[PDB]
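Enquirer: no FASTA, just this:
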């Protein structure tokens, strides 16, 4: 009769999460109560009637709903919010709901950016290379925009990433752009911008002045 | 069209030679123009044998072609141990008879829990050891349950074994049900 | 709001009864209902029953009727819950709770819970001696072991000589039976002059049921020398 | 042996001391026919290879697919314009058509340095730093192929050497097939701004 | 209160339900809950005095059960200080005993199957509870000390939130 849509859920501190309990058929006359179970302790009451908060709980946990789809919004998450939240309707048809899981074990790493124009031994052999390196990023989702001479220079720009660190998924990205020596001249202001979950301000790593 | 790369007994214009390369050594001349390596032939056919056999044709259109096969020829034959029911089992009822097989190499064997002349199969649950950590020598345990009333008035059970190393069937039949 | 929820029958046997208790220290017993809610090891909370010890008419969930009896004793300030016809699924922890407002035929929201008590339903293994039936035993290494059966919780261990003869010990995986009770038959091939004797004790220790047994398995008949 | 080390577009000369037939084969692949001379060149092994005879094979216009073991073998029966069955073979000159690793200096508190190795056809490559040191902070991105077909392996290190390069920071690159180890010095430059 | 609660009867009247429970109307003819009302249809609206509030149970100013409309029943004061009662058939429990209880309200212990909607007539929820209303004291002066509480009754599917006075 009552079920929770989100199933499993995982987030990181400072996030907004929503849990939805479905009142299948009857409007039920606005009766709801939400619980929070820690990994071993007894459940505690958070809301009753879906609109009135309990005593001792912060305002962070909110309630709302009218007719169906009563909600429990968890804004500004904290490390101490790992718990399998439970839903029940009381009144004339008391029956608990499903248990949505929650995981608070999450962390992020911000890449550090820079560039390597090897020279003083490459110009003689041709095929000058530009290597952009990103260090210590947690998620494996990295894209590099090569705004060489402004705009972009997509195409001959390969990417590589480390396998694993054995402690965290803090890999690094090496983006290599190979350009012939002749084409190198008449061009300036090379750079490598990064799209990634770095949660950082404008990142524009640009080097210029050429090989020499 | 391309003749074939069959082996994946090896089979390789009406128009041949067969070679053998070890993991590091040089190919050696085994068969030319098509005694263990007895080849012959269109559609030519060809522990110290692991190698990558190679086939080629020479003459007016000499060109090379494209196995990794070897021979094992080593197995383990099962040994039969029969566990009757406990003297306390009859008192508690629901007697069990267990067949046990030891040291067989290929994970393949069938056991027919015969009662007198009836091939009972309703209750016969089989389990096997995971792995021996040195070879695929698994040991079988086939349990057959039967009620005490069904125990009485019957005798001469049997747990036959059929396995790759057949070596002719062996019948270690548990007889004299009253003992 | 001080619940002294009694640890009742921690270990039981299938088909038997359990008589758990809850106590409400302080306040005025006879004005707020006591509600019993259970939860399996990992699962969701399931309503079980409740009582209001002023209107003597305990309520039970539709699926817990004719099988649960909830009583309260005003004199001693104690609410007992008698659950009958135990099944292997009943393994769970049965909390205690207070009903915020009295209800007649309905329920309410639990304000202050109590300590969770474990009530494990288990059936300890029934060892049985597997004889060294030899009749001209094969080779010179007879086959011995200990049969186990009729234990629902999975974990189980088999030892030998309180730890010895680790060379030749097979312990097959557990295979379900028709009734839902596991089984096992750990065998050994020990050449103790091709017989038993010495001291062969298969110290099976099924931890969940708290039962460690030592059965001496030797030639169990006039024959089998 | 012949030329264990070569470079793209160059040539190799292999000496075989006793019709001699040269038969190549990649590291893991099937045998292929190069050519034979009696004291004939395959369809794809003509206009790029010269056979002369001792017997020597002069392969020119090296390519990254050329890595193979150019065995030496003879033919049981003399054949004019064709081939035969190779009876007795010769030791494999591991003519590892490999552009031995070509290190370069990647110039820069904590700073990140490195050396970019390119044109390394055979995969095996090992990078070391200061003859073994700074084990915490040594990345060696495994490899990637290029348009030509030569792997590009680049390592990068970070070391806060008191905001100045004092120790001899040298990336030790080792490449067994090429039989050459280059430890090029890396340090802040007077030019080559990054 | 004089000679009303002094020796009416114990609240734990003996005898239980020997078996199935059916309906009965003994025409019994209320200081204490040990009483039996009678089903009265059309009445002469001449001698009735004061309020005629009747118990749905939710008090409202030929009674019938909520499943069949109307109300369970009610009581009134009329004439020279005479109390009259009426309602559905006085619920009776099949059993034996010298003083078998003809349950006029809910009675669980003496009979497991007795729910108010099926076994109650007047304003007595439980042997020691009453549905409070302005004239409750005017009608039952022996129940001054009872303490008030708030309760929820589910009759059929309808929920009634009402205050009830019970001894404690």
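Expert: The structure has been received and is ready for your questions. Residues are numbered from 1 along each chain as shown, chains lettered A, B, ... in the order given.
Enquirer: now the residue lying closest to residue E:130 once chain neighbours are set aside: which helix or strand?
Expert: Leaving aside its chain neighbours, residue E:130 sits nearest to residue E:165 (5.1 Å; criterion: CB to CB, 6 or more residues apart in numbering or on different chains). (Each C-beta comes from the backbone N, C-alpha and C, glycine too.) Residue E:165 is part of strand E:158-166 when elements are defined by DSSP states H and E.
Enquirer: wait, the residue nearest to residue E:130 touches residue E:143, no?
Expert: Yes: the criterion here is CB atoms under 8 Å, and residue E:165 meets it with residue E:143 at 6.8 Å.
Enquirer: which residues do these two both contact?
Expert: Common neighbours of residue E:165 and residue E:143, using CB atoms under 8 Å, 6 or more residues apart in numbering or on different chains, are E:130, E:136.
Enquirer: show me where chain E has its helices.
Expert: Ranges of helices in chain E, per DSSP state H, are E:116-119, E:136-139.
Enquirer: what is the burial count for the residue in chain C that chain E sits nearest to?
Expert: At 3.9 Å from chain E, residue C:105 is the closest residue in chain C, using CB to the nearest CB. By other CB atoms under 10 Å in any protein chain shown, the residues close to residue C:105 number 16.
Enquirer: domain-wise, how is chain C divided?
Expert: C:2-121, C:122-218 (automatic domain parsing).
Enquirer: in CSV: those domains, plus distance to residue B:21.
Expert: Shown next, in CSV, are those (distance: least, CB to CB, whole Å):
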stretch, distance to residue B:21
domain C:2-121, 57
domain C:122-218, 42
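Enquirer: and the top strand by length along chain C, how far out from the chain middle?
Expert: Secondary structure of chain C per DSSP state E: the longest strand is strand C:18-25. The chain centre lies 20 Å from the centre of strand C:18-25; the measure is CA atoms, centre = their mean, to the nearest Å.
Enquirer: list of residues touching it?
Expert: C:2-6, C:8-9, C:12, C:32, C:34, C:36, C:77-84, C:86, C:94, C:96, C:98, C:114, C:117, C:119.
Enquirer: neighbouring strands - and their directions - for the helix or strand just after it?
Expert: Next along the chain after strand C:18-25, taking DSSP H and E as the criterion, comes strand C:34-39. If you go by DSSP bridges, strand C:34-39 pairs up with strand C:46-51 (antiparallel), strand C:92-94 (antiparallel), strand C:97-98 (antiparallel).
Enquirer: and the direction of strand C:34-39 versus that of strand C:18-25, what angle?
Expert: Put simply, strand C:34-39 runs at 130 degrees to strand C:18-25, going by axes from the mean of the first three to the mean of the last three CA atoms, to 10 degrees.
Enquirer: so which residue of chain A lies furthest out from the middle?
Expert: For chain A, the C-alpha farthest from the mean C-alpha position belongs to residue A:124; by CA atoms, centre = their mean, that distance is 45.0 Å.
Enquirer: wait, what's in contact with the residue in chain E that chain C sits nearest to?
Expert: Closest contact between chain E and chain C, by CB to the nearest CB, is at residue E:154 (3.9 Å). Contact partners of residue E:154, counting by CB under 8 Å, 6+ apart, are A:92, C:103, C:104, C:105, C:106, E:160.
Enquirer: if any of the residues you listed are buried, give me the PyMOL selection for them.
Expert: A single PyMOL command is used to select the members of the contacts of residue E:154 judged buried by 16 or more other CB atoms under 10 Å in any protein chain shown:
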select buried, (chain A and resi 92) or (chain C and resi 103+104+105+106)
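Enquirer: the contacts of residue E:154 in strands, which ones?
Expert: Counting by DSSP E, these place residue E:160 in strands.
Enquirer: I'd like the contacts of residue E:154 written out as TSV, with distance to residue E:78 added.
Expert: Formatted as TSV, the contacts of residue E:154 follow (distance: CB to CB, whole Å):
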residue	distance to residue E:78
A:92	38
C:103	37
C:104	32
C:105	35
C:106	38
E:160	28
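Enquirer: nearest to residue E:32 among the contacts of residue E:154?
Expert: Distances from residue E:32 to the contacts of residue E:154, taken as CB to CB, are shortest for residue C:104 (22.5 Å).
Enquirer: neighbours around the closest residue to that closest one other than its chain neighbours, how many?
Expert: Distance criterion CB to CB, 6+ apart; nearest residue to residue C:104, sequence neighbours excluded, is residue E:153 at 4.8 Å. Per other CB under 10 Å, the neighbour tally for residue E:153 reads 22.
Enquirer: secondary structure class of the residue in chain A that chain B sits nearest to, three-state.
Expert: Distances between chain A and chain B by CB to the nearest CB are smallest at residue A:166, namely 27.1 Å. Counting by DSSP: H, G, I helix; E, B strand; the rest coil, the backbone at residue A:166 sits in coil.
Enquirer: so what's the residue count around it?
Expert: Residue A:166 has 5 neighbours, counted by other CB under 10 Å.
Enquirer: returning to what we had before: and the residue farthest from the centre of chain A, how far is that from chain D?
Expert: With distances taken as CB to the nearest CB, to the nearest Å, residue A:124 is found 11 Å from chain D.
Enquirer: who in chain A is up against chain E?
Expert: Within chain A, the positions near chain E by CB under 8 Å from any CB of the partner chain are A:29, A:91, A:92.
Enquirer: all helices for chain A, in order.
Expert: With DSSP H as the definition, chain A shows helices at residue ranges A:181-184.
Enquirer: so which residues on it come close to chain D?
Expert: For chain A, the residues in contact with chain D (CB under 8 Å from any CB) are A:112, A:114-122, A:125, A:129, A:131, A:133, A:135, A:156, A:158-163, A:172, A:174, A:176, A:178, A:207-209, A:211-212.
Enquirer: find the nearest non-adjacent residue to residue 15, please.
Expert: Using chain A here. Residue A:15 sits nearest to residue A:77 (CB to CB, 6+ apart), 4.9 Å away.
Enquirer: meant chain E, my bad for not saying
Expert: Of all residues not flanking residue E:15 in the chain, residue E:97 sits nearest, at 2.9 Å (CB to CB, 6+ apart).
Enquirer: okay, now that neighbour: neighbour count?
Expert: Residue E:97 - counted by other CB under 10 Å - has 12 other residues nearby.
Enquirer: so whatever residue of chain C ends up closest to chain A versus residue C:70, what's the distance?
Expert: Closest contact between chain C and chain A, by CB to the nearest CB, is at residue C:107 (3.6 Å). Plainly put, residue C:107 is 13 Å away from residue C:70 if you go by CB to CB, to the nearest Å.
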